[PDB]
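Look below for two forms of one protein chain, each set out as structure tokens: first structure 1, then structure 2.
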Structure 1
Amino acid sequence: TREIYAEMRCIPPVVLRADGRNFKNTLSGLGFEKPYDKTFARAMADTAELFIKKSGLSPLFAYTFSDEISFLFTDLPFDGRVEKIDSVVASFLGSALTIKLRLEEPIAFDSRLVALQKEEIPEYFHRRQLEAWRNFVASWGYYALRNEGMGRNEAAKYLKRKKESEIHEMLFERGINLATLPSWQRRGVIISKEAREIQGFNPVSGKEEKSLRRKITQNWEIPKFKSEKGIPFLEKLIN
């Protein structure tokens, strides 16, 4: 007869994935470029950075594309309580994005926890990057089919059956070359921490000493996670 879900806990490592609820209806039509708008993509990335920076929570890094963000945690607040983490994080992101996009009508993120083994972490972000690719192809495919004259649900149903390579070949034949499009559209964006060597004055030693500062960086030209270039890339992020 109580708050029975409040004792549900998760154990690190854990990924939190937040996804915009019905964003193509709640963020339209407010003048966003179709099919992609870099202003929105930047807002998503900045939202992720603001969370890492000032939420008080400490995710290692973030991977965002479309309207979703995945945060990797090796340490969890609220003793790993699922309700606490999902609600607070989704609420912070909803608020932050509302500010950066200067919205006048409310939006919402959902949130869910993905329990992983340490060794499984590269596999998770690979799966999400695959989703990013299909999202990328389907978005441009939808944009083309709609403007040519196909109905909203006709184009929607059409793309869900077709595979990623098929729609890609379709855009090809229509004069739409996806290989020229920016990397952030195709592979998404990484928000992580990188080391920065600095110099300060030890008033005692009377000398200059070297220390390190971890600064938050957005990478808009990331590699393919499952590749010879991508494996050590992810490996360094996860450390």
Structure 2
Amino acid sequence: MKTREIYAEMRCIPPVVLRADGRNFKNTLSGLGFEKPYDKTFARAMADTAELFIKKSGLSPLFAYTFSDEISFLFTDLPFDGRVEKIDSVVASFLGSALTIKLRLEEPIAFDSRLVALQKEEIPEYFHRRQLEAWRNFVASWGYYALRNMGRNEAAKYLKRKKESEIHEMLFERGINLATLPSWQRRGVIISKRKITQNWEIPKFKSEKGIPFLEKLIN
């Protein structure tokens, strides 16, 4: 039946980025006392989960970059000899366990994981793009929370065709000041190393002094 394990020896090459994304977290975390659209306790649990992975997994990622509900790990030293299945599964499992511990959950959750096969000159770009994501879902989800506070379809159809700037305007004219909101909501959090430090006020990756920041983070 080892011959039937047809993906077990499929591999990747360094460097690789593993992105783990919470699976169906909108319905699995509801029921708890989480604030919307951002909960400090939850983001804290995510950063602590990434830190837990860096400290206890033994797989040695260079660093983690998280913004709920996702975490990206950078690897130059591939775990399990670069085997895709084993890396994805084991890492996702570790994160599920760790997050479950930090939140003291009564019912199980699950992460998904995937390998992004970057070339080392593309590593900054990746994170930049990821940070870009962190911005959109920061704006939009606040707007969607400003509205609906409206039904699903209604609050949705107000936001259609509207660009980020008029979302800013609408949000302020509803009493929400995005520009002053915490940096971890807008940009995310970086966990790295030696002692393990969580950085909750990181710069924009594609800028000064954001470029050398990421560059030192990569070595």
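For numbering, take structure 1's sequence and count from 1. Only residues modelled in both forms are compared. Take the two forms, find the largest set of C-alpha atoms that superpose within 1.5 Å, and that set is the rigid core.
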Overlay on the rigid core first, then point out the one of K100, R81, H126, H168 whose CA is displaced 2 Å or more between structures 1 and 2. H168
Did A156 shift 2 Å or more between structures 1 and 2, C-alpha, core superposed: yes
Using a rigid core fit, what is the CA shift at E7 between structures 1 and 2, in angstrom? 1.2
Please list, in sequence order, every run of 3 or more consecutive shared residues whose CA atoms are displaced by 2 Å or more between structures 1 and 2 on a core superposition. 153 to 170, 172 to 175
